[PDB]
Amino acid sequence: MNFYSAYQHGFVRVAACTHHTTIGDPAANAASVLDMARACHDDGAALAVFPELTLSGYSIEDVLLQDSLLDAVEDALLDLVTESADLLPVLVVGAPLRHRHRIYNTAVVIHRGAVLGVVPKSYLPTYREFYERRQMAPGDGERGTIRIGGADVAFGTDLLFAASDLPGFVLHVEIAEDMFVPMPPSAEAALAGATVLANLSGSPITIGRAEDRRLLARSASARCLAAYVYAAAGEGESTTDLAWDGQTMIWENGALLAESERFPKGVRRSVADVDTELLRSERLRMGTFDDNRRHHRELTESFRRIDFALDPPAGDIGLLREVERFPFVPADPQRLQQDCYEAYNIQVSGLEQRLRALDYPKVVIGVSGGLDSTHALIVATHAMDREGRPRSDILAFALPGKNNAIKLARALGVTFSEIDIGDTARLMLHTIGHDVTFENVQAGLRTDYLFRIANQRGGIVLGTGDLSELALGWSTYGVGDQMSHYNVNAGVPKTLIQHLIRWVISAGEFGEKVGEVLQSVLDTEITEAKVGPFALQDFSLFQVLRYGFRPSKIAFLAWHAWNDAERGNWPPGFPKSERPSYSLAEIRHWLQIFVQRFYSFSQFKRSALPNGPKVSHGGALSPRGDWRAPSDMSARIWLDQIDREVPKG
Amino acid sequence: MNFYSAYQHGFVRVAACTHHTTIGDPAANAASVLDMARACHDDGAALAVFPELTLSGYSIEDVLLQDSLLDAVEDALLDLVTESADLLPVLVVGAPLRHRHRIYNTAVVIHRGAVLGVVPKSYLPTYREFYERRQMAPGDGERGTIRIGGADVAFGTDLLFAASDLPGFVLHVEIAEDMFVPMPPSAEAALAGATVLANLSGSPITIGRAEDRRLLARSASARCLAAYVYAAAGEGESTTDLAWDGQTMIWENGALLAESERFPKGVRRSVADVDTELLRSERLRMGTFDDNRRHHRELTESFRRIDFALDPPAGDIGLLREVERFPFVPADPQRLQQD
Amino acid sequence: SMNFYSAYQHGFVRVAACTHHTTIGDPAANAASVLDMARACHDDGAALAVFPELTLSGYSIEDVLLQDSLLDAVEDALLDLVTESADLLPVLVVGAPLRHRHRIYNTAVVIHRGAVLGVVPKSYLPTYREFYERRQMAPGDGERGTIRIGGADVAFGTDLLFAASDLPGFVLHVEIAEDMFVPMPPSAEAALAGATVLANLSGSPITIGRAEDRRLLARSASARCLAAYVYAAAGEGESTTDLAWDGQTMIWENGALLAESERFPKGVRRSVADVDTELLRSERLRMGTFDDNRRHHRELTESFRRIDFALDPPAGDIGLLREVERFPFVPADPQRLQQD
Ligand SMILES: Nc1ncnc2c1ncn2[C@@H]1O[C@H](COP(=O)(O)OP(=O)(O)OC[C@H]2O[C@@H]([n+]3cccc(C(=O)O)c3)[C@H](O)[C@@H]2O)[C@@H](O)[C@H]1O
Ligand SMILES: Nc1ncnc2c1ncn2[C@@H]1O[C@H](COP(=O)(O)O)[C@@H](O)[C@H]1O
């Protein structure tokens, strides 16, 4: 396999194009279409979607009904078809075409010298600035075939274009207004199998219309678990009564992959790599999507599937896609602030319920001065404040076997104390006739003490292990830090914890002293890679937990995100000395370790897990929630996948 | 005519309510529901929507299948119904109810001492943190009636509640996940006539989920030329594995009318005046909306219409709505800069 | 003319229910255990080998079913089996989580002589008590059409019958686990439509009393449907994170037990018996109300698709794997004879 090929990793390269309109002149429009299609070809694109009525111009009104115009459209369309014999991408071009009694506003799907199909718009707006029913017939409910340059090709609203060599790429095409009705053609097509939804739009621009386009194309892509590819008309449409902004965009399951300049001068393309496996993975898991199809089975079974062989380029053509380094930590500051606010309120409100339900016990917690336990102590305080409970009901414990610990505790005003576990550990090690056991005897005694104090003092022990530690099994099982009465960090990955502390500092409601101590914790602690860098492990974890991607796909994505520290954006709080870049060899190394630990070694530790709230849309690792898996399984197949598919460096 | 009455100008006052959950304790949830409904009444609201499985709590898992729990839900539901005899608004309350072989995740629509109908959730998520098909049966495709405290009332995914004195107020009710599938019950109901779409949600909060809720309730309300009234569960749900933010919101044709504080302490309501005439005017003009109905005629004609008489307050009750001085000039600077 | 000592020439069909060694999360290993047992079934001249539910992945792996590498490994392993089957006599019925359309299905792949004859999805997916199947997998009830497996379109759905063109008494229908437990099981419509041999691939974690439940339903099925019922459960290797497994296999014929293997074995086990297709044929010939029931459910029963294959069984003496009592009227079992 070619590890550097995006097509081999389930990517399909898609283009939404806005061309130069010459109204009433089809050979000129076709010439602009052919030039852009040659570009999309050179880019290795599999699909190029153009605007509504591309070949005539959308805005020409009664001129659509003129024989010379209709004639010119056909001649021009047939030239394109002939040119397409040497073009890689499927071309979706607009054209007013005669069929039966009337003209239809259609999209012609073209590929390698043939017309695969012809799709008519279903809903024809005839209100406000729109007059479509005057010239054109509604396509909804039309089936059968249409004759185009001596051939009978599929015609109708029921068409799917499936790539026979790219099973994840199934195209449905709709037109403009089609996407705006309560029950759009594209939603039935997704149910029926379409993974990529194209929209050819005219869409005269008005104040606020761009926002409407986005709301509907975006919600469509999220509801239908699909890529949505959208192209509007720009320069060259008539301005007798309307203006045009040439907007193009590409959405994937709710996220913007690419958009182009509004009101540009000259032609514009959006070009993105759509991840078909991502779409595949979400449909695999969201069972109610398939339930919805089954409930509309007669609607969804009637589609006709037109097959074509794409034969994409096999080599390295890069990756036109933003792969963030931190799936759990958005590089956008407004976004990361939102996530922090939510993470923190999740942790707190979760603990508050546990406390209310237990009639407000004391809170017992081991504070080591580390990131985790610090953040947990902050969470616990805010919870007790919100519930109108004295901060002295928090029992924080230093359990040496740092100063930041006692300082924070003193600053917050919780009840602080120290218990030296060393003698108890000595006694235990001697009694046992005594490395893992030595480490573990201490970690165990910590938990054992806290538990007994909780019994003694009417409290509950607060766990502090984080999501990355759960994932990797980096904890001490049962009698050890893995165990507690309620774990507030169980759902937060290590990569996020530091930003939550930053957020608490920046908000500043604990006051300046607490602020300074927390800041000190930060400065001290960012200065256990037998399990590798947490940045890479949190990366793999997201891919595995959310999408179940194979290891070679995970390596490809990580390498694209991490291999060059100059490219892509870093979240806030990463000074340049801490902007590592990783080689393929390194990614490959830590990934072998990740699959071994994640799929084989660690599950038993997750299997007997204390209560705590899920936090990230990435998922959590509760065996009662997002991750059900055997405690007694080998990881051989994952390890073998890496062996065979990921290059050594 | 009373010129100062919102109801006489085609407004309908609507409330999305997040109550205090006491898991496993129906009479306590009912008491929280009754208190908020009495508030919604005092405000002259016509509609009060509560969160998914209001009466039992959404988060209780196999406890849903315990007879004493199911029994307590019924008793509590029937007490509410009796109390509603003196309440103005239509109450939409969640309840696990037994019907035929199983329990359904349902919304009970209650009005002035009667149950107008019972709507079961259609799509039951059984993935990630959701386990709903384990305890509860899918309601998609169910019609007929259900027996509730000695009476046969309409049961199913095909119901429309039409105010006989307020023609612009036609209610459809769906539940949580129903709004997230490619072809939601509420989209067919809008084509068939519903102007106000209610959603009872549980919706454990996760990073980014609040944005997903908004994207889907908003696009719904825009595509369906309707008001969309949404209530999520908050304080009191179990935190064994999840947390809850109590979010409530009301959308009208793509615009936010009202939302309440996330993660509140105590109960919260969004209350807005919905402009039924604005909805009516947009449907009047967008022909392709009606074309879409005609194309799905067998789907859209099969709805059952349950009529009720609202009898709203006739006097001045103010106007719970932001009316901008300059329809053409947004007061929000980021907005105006865009325009 | 004929070979009087050949069981095949007297209307017998040799059938095998196999419980293989599960290696959870490891399709190539399960496939190797499957191939070894199938080679044995071949040597025994068997016409049919039924394996346990989700054979190729392991039944108990939960959300691991949703992992691309696992789904990918299953496909590869399945296609290898198919290639090996070119030299195997028996039709192989193997379990596999397969992707189709939006989801994965819990399916049985029917394989014969180098081709996939058909792919059958479980219809009813238990999601209660210790079972969580709807979370990972889609219900197969009401699915028809085809599925693409290693470059070919093969029949897919709950409406399939596999008919031996040279052994008219041998018509196979396949269902899965829970399918046999609902008031109106796939296999009862399939019997009405023609099926003489009903296969069941089972996972079936063992609980106190469950083996008695399995028997009561497989046995009453075989009696009500006038058919052979061939049943295989999962054994050693399934995860014991929450469940245990007994590996039970059994073969029933019109209400009678022809063979069962050792519960909780160490190592792989097979039930192998000679099914008497003429006996089944003779009972159906005479019980008119069986055919009246089919006529009353004609639209249900006429819709099955019939996939034909040529078995070409061994012609020689291969013994007779069947208890033939000396005294049809006098049971050898004392408790039974006392009753009589
Ligand atoms: N599948 C399975 N089912 C049931 N039991 C299984 C098992 N696999 C191992 N075991 C047993 O479980 C035990 C091994 O697990 P465990 O006892 O947890 O210990 P183990 O994972 O071997 O070691 C703990 C490691 O975690 C590190 N650690 C400890 C504490 C805190 C942190 C931190 O960074 O916060 C890190 C520490 O450096 C050490 O390397 C053994 O008794 C083993 O026999
Ligand atoms: N030296 C220490 N003093 C107080 N608590 C500690 C100490 N070491 C570990 N702990 C507690 O045990 C947790 C995990 O232990 P570990 O990661 O093994 O050092 C910490 O987050 C604290 O809650």
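Each answer follows from the model by the rule given with it, or from the source it names; no laboratory instrument gave them. Please note: Cβ atoms are built from the backbone with ideal geometry, for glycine as well, and neighbour counts cover all protein chains shown.
Give the residues of segment A:290-334 that are among the basic types (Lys, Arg) and out of contact with any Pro (no Cβ under 9 Å at 6 or more places or on another chain), sorted by residue number.
A:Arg297, A:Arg304, A:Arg305, A:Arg321
Among the listed residues A:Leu371, A:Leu412, identify the single one that is within 16 Å of ligand 1 (Cβ to nearest atom), more than 14 Å from every other protein chain (Cβ to nearest Cβ) and surrounded by 17 or more Cβ atoms within 10 Å (Cβ to Cβ).
A:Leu371
Of the residues A:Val63, A:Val73, A:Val14, A:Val33, only one is of a type outside the set (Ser, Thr, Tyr), in a strand (DSSP E or B) and within 29 Å of A:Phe180 (Cβ to Cβ); which?
Exactly one of A:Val63, A:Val73, A:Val14, A:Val33 is of a type outside the set (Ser, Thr, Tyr), in a strand (DSSP E or B) and within 29 Å of A:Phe180 (Cβ to Cβ), namely A:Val14.
When residues of segment A:540-570 are filtered for being more than 14 Å from every other protein chain (Cβ to nearest Cβ) and either in contact with a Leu (Cβ under 8 Å, 6 or more places away or on another chain) or within 16 Å of ligand 1 (Cβ to nearest atom) (or both), how many remain? Explain how you work it out, then say what you get.
Of all residues in segment A:540-570, those more than 14 Å from every other protein chain (Cβ to nearest Cβ) come to A:558-570.
Now drop any that are not either in contact with a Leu (Cβ under 8 Å, 6 or more places away or on another chain) or within 16 Å of ligand 1 (Cβ to nearest atom) (or both), which leaves A:558-560, A:562-563.
Final tally of qualifying residues: 5.
Which ones in segment A:573-625 are assigned to a loop (DSSP other than H, G, I, E, B) and of a type in the set (A, V, I, L, M, F, W, C)?
Result: A:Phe574, A:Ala608, A:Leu609, A:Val615, A:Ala620, A:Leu621.
Kindly provide the set of residues from segment A:479-529 that are within 16 Å of ligand 2 (Cβ to nearest atom) and polar (S, T, N, Q), ordered by number.
A:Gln482, A:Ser484, A:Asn487, A:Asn489, A:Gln498, A:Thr524
Residue by residue, here is whether (1) surrounded by 20 or more Cβ atoms within 10 Å (Cβ to Cβ); (2) under 28 Å from A:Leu242 (Cβ atoms) holds:
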{"residue": "A:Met136", "(1), (2)": "yes, yes"}
{"residue": "A:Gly139", "(1), (2)": "yes, yes"}
{"residue": "A:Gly150", "(1), (2)": "no, no"}
{"residue": "A:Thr157", "(1), (2)": "yes, yes"}
{"residue": "A:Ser164", "(1), (2)": "no, no"}
{"residue": "A:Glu174", "(1), (2)": "yes, yes"}
{"residue": "A:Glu188", "(1), (2)": "yes, no"}
{"residue": "A:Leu200", "(1), (2)": "yes, yes"}
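Suppose we filter segment A:430-458 for residues that are among the small types (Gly, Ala, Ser), surrounded by 19 or more Cβ atoms within 10 Å (Cβ to Cβ) and away from ligand 1 (no atom under 11 Å from the Cβ); how many remain?
Number of matching residues: 1.
From the list C:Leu71, C:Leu56, C:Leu66, pick out the single residue that is in contact with a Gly (Cβ under 7 Å, 6 or more places away or on another chain) and surrounded by fewer than 24 Cβ atoms within 10 Å (Cβ to Cβ).
C:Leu66
On the given criteria, is A:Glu177 facing another protein chain (nearest Cβ under 10 Å) and over 25 Å from A:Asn292 (Cα atoms)? Break it down stepwise before answering.
Details: facing another protein chain (nearest Cβ under 10 Å): yes; over 25 Å from A:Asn292 (Cα atoms): no.
Answer is no for this residue.
Which one of A:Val479, A:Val461 is assigned to a strand (DSSP E or B) and either within 14 Å of another protein chain (Cβ to nearest Cβ) or within 16 Å of ligand 1 (Cβ to nearest atom) (or both)?
Working: A:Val479 fails: assigned to a strand (DSSP E or B).
One residue alone meets the criteria, A:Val461.
Could you tell me whether segment A:531-542 includes any residue that is in the same structural domain as A:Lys648 (by CATH), of a type in the set (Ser, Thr, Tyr), assigned to a helix (DSSP H, G or I) and surrounded by 24 or more Cβ atoms within 10 Å (Cβ to Cβ)?
Yes, that holds for at least one residue.
If we scan segment A:345-365, do we find a residue that is within 16 Å of ligand 1 (Cβ to nearest atom) and farther than 30 Å from A:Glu174 by Cβ? Explain how you work it out, then say what you get.
So in segment A:345-365, the residues within 16 Å of ligand 1 (Cβ to nearest atom) come out as A:365.
So of that shortlist, the ones also farther than 30 Å from A:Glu174 by Cβ come out as A:365.
Yes, segment A:345-365 contains at least one residue that is within 16 Å of ligand 1 (Cβ to nearest atom) and farther than 30 Å from A:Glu174 by Cβ.
Take the residues in segment C:90-104 that are touching a helix residue (DSSP H, G or I) at 6+ places or on another chain (Cβ under 8 Å) and closer than 15 Å to C:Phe51 by Cα, then tell me which one is farthest from the other protein chains (Cβ to nearest Cβ).
Initial filter on segment C:90-104 (touching a helix residue (DSSP H, G or I) at 6+ places or on another chain (Cβ under 8 Å)): C:90, C:92, C:94, C:96-99, C:101-104.
Now narrow it down to the ones that are closer than 15 Å to C:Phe51 by Cα: C:90, C:92, C:94, C:96-97.
Working: C:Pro90: 28, C:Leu92: 22, C:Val94: 18, C:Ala96: 15, C:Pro97: 11 Å.
Taking the candidates together, the pick is C:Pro90.
For segment A:626-642, what are the residues that are part of a loop (DSSP other than H, G, I, E, B) and either of a type in the set (D, E, K, R) or more than 7 Å from chain C (Cβ to nearest Cβ) (or both)?
Matches in segment A:626-642: A:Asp626, A:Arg628, A:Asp632, A:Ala635.
Of the conditions (1) within 12 Å of chain A (Cβ to nearest Cβ); (2) closer than 20 Å to B:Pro120 by Cβ; (3) in contact with a strand residue (DSSP E or B) (Cβ under 6 Å, 6 or more places away or on another chain), B:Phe155 satisfies every one except a single condition; which number is it?
(1)
Which of (1) assigned to a helix (DSSP H, G or I); (2) among the β-branched types (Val, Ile, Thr); (3) away from ligand 1 (no atom under 12 Å from the Cβ) does A:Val492 not meet, given it meets every other one?
Unmet for A:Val492, out of (1) assigned to a helix (DSSP H, G or I); (2) among the β-branched types (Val, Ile, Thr); (3) away from ligand 1 (no atom under 12 Å from the Cβ): (1).
So which residues in segment A:110-133 are basic (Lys, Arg) and away from chain B (no Cβ under 12 Å)?
A:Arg112
Identify, from the list A:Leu377, A:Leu351, the residue that is surrounded by 19 or more Cβ atoms within 10 Å (Cβ to Cβ), within 16 Å of ligand 2 (Cβ to nearest atom) and within 14 Å of another protein chain (Cβ to nearest Cβ).
None of the others qualify; the one that does is A:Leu351.
So, restricting to helices (runs of 4 or more DSSP H) that lie completely within segment A:392-457, which ones have at least 1 residues that are of a type in the set (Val, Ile, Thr), more than 18 Å from A:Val363 (Cα to Cα) and more than 12 Å from ligand 2 (Cβ to nearest atom)? Write out each step before concluding.
Numbers: elements: A:403-412, A:422-431, A:436-457.
Of the helices (runs of 4 or more DSSP H) lying wholly inside segment A:392-457, those with at least 1 residues that are of a type in the set (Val, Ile, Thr), more than 18 Å from A:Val363 (Cα to Cα) and more than 12 Å from ligand 2 (Cβ to nearest atom) span A:422-431, A:436-457.
For segment B:215-237, name all the residues that are more than 7 Å from chain A (Cβ to nearest Cβ) and over 15 Å from the mean Cα position of the chain (by Cα).
If the condition is that a residue be more than 7 Å from chain A (Cβ to nearest Cβ) and over 15 Å from the mean Cα position of the chain (by Cα), then B:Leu225, B:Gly234, B:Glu235, B:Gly236, B:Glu237 are the ones that fit.
Out of (1) buried (at least 22 other Cβ atoms within 10 Å of the Cβ); (2) under 30 Å from C:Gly237 (Cβ atoms); (3) more than 13 Å from every other protein chain (Cβ to nearest Cβ), the odd one out for A:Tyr582 is which?
Single failed check for A:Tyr582: (2).
Report, by residue number, each residue of segment A:380-391 that is hydrophobic (A, V, I, L, M, F, W, C) and either farther than 20 Å from A:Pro610 by Cα or within 13 Å of ligand 2 (Cβ to nearest atom) (or both). Break it down into steps so the answer makes sense when it comes.
Just the residues of segment A:380-391 that are hydrophobic (A, V, I, L, M, F, W, C), to begin with: A:380, A:383-384.
A:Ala380, A:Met384 - these are the residues of segment A:380-391 that are hydrophobic (A, V, I, L, M, F, W, C) and either farther than 20 Å from A:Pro610 by Cα or within 13 Å of ligand 2 (Cβ to nearest atom) (or both).
Return the residues of segment C:42-89 that are within 14 Å of chain A (Cβ to nearest Cβ), assigned to a loop (DSSP other than H, G, I, E, B) and in contact with a helix residue (DSSP H, G or I) (Cβ under 6 Å, 6 or more places away or on another chain); say none if nothing qualifies.
C:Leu56, C:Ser57
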